[PDB]
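Chains as they are written, first to last, in the UniProt record's numbering: chain A, 457 to 507; chain B, 559 to 608. Note that CB positions come from ideal geometry on N, CA and C, so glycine has one too. Below is one structure, written out as structure tokens; comments come after it.
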Amino acid sequence: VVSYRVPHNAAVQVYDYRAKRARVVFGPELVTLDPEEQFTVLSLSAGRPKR
Amino acid sequence: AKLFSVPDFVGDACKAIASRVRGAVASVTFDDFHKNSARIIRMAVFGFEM
Numbered sequence: 457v458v459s460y461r462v463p464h465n466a467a468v469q470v471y472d473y474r475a476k477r478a479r480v481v482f483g484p485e486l487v488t489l490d491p492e493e494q495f496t497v498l499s500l501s502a503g504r505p506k507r
Numbered sequence: 559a560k561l562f563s564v565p566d567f568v569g570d571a572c573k574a575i576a577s578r579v580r581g582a583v584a585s586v587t588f589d590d591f592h593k594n595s596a597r598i599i600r601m602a603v604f605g606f607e608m
């Protein structure tokens, strides 16, 4: 299983492509991806000034 | 659970107070900022009239 341990004040958005349904869980939950569930990888800005 | 809302509350408090302090001392001369040093910095943090 692929399971991500979500931080407390954080949200992870997934979709079950096998089931045609959308769900996003905020808060400190342990997501459990179905065999065709995929994550919302977020490219975020960082660096000293910004990137 | 609202306690853990901000994950870096130490930094949040320091940055907010530093910002407001700097902004308020920005409006006064060096002579004033040293005569009423604690007075203006403490009213800088929570500026109001009560």
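What in chain A is Cβ-close to residue i, meaning under 8 Å?
i	result
residue 625 (chain B)	Lying outside 559 to 608, the shown extent of chain B, residue 625 (chain B) is not represented and no answer is given.
Hey, quick one: how far does the alpha helix (DSSP H) through residue i stretch, first residue to last?
i	result
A478 (chain A)	Run containing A478 (chain A): none in the alpha helix (DSSP H); it sits in the beta strand (DSSP E), 477-482.
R578 (chain B)	567-583
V603 (chain B)	595-603
What is the residue span of the beta strand (DSSP E) that residue i lies within?
i	result
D472 (chain A)	467-472
Legend entry - the segment 485-503 of chain A touching the segment 463-475 of chain A, judged by at least three CB pairs closer than 8 Å: Yes, the segment 485-503 of chain A is in contact with the segment 463-475 of chain A.
Legend entry - the segment 498-506 of chain A contacting the segment 567-577 of chain B, beta-carbon criterion three pairs below 8 Å: Result no; under three Cβ-Cβ pairs closer than 8 Å.
Inset, instruction - Evaluate contact between the segment 580-595 of chain B and the segment 481-488 of chain A, counting only Cβ atoms and requiring at least three cross-stretch pairs below 8 Å. - result: Cβ pair count under 8 Å is below three, so no.
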